[PDB]
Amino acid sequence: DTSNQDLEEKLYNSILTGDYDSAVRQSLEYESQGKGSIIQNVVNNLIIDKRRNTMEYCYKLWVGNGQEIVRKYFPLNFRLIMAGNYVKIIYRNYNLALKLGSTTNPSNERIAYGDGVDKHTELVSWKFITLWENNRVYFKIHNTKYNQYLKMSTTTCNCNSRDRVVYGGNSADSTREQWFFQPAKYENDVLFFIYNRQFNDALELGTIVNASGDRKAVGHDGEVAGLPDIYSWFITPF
């Protein structure tokens, strides 16, 4: 009886309010009834609205018998993220792939960069590991070559004068070693803003550091969601 439009509204509301168990139940029911278009429409609208809760919805489907729904109705990159596939993480603005540098500091940590050239070797391979906590999905961003996790400094102050350099470290148990994503649609692509769980700073590429055109990776100070052309990332298969 209830129209597909009204069910879309109910589903969107569930997701926005963080009632993921209702969202998953609804989604399974709609797909079983051949009304999967409801899910497609909600995913489209969530992304147009740049809702971070899209990630949670995807995750909860992924672990809640909804893997086929994820495959069918979300862009490919969502499955790459939830399935833990090897990926490249490429900055939209400069088209540079994320890597870690070759030297370690006394804390045994590497500095993160966008590579000026490389889009192919193991140097730019990553995978994501999910963590569900506080009714939210977070990501540990794991570097294949060096077996380290993307992070911000775990020794710096929790204050406005913090170190904003992005590093790689051996573990990912701290909120500073964890990240959350916000999707956005720009031109034909679904891209992601990637934010540090503890600091809320968006992952950004700053100034050029060498002749090959590498750029430093840093945490941005301020809102970025209006500018996916400047501050978002592509996630593509490695």
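Each residue number is its position in the shown sequence, starting from 1.
- Between 81-89 and 117-125, it is 117-125 that carries the larger average Cα temperature factor according to the deposited entry.
- The PDB entry records a higher mean C-alpha B factor for 65-73 than for its counterpart among 50-58 and 65-73.
- Looking at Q182, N210, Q198, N45, the one whose CA carries the top B-factor in the deposited record is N210.
- Taking the deposited Cα B-factors for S102, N143, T130, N134, the highest one is held by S102.
- In this PDB entry, the Cα temperature factor of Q178 sits in the bottom third of its chain's modelled residues, the lowest group.
- Among the modelled residues of the chain, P228 sits in the highest third by CA temperature factor in this PDB entry.
- Per-chain ranking of the deposited C-alpha B factor places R25 in the middle third.
- The deposited CA B-factor of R215 belongs to the middle third of values across its chain.
- Ranked against the other modelled residues of its chain, the C-alpha B-factor of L96 as given in the entry falls in the middle third.
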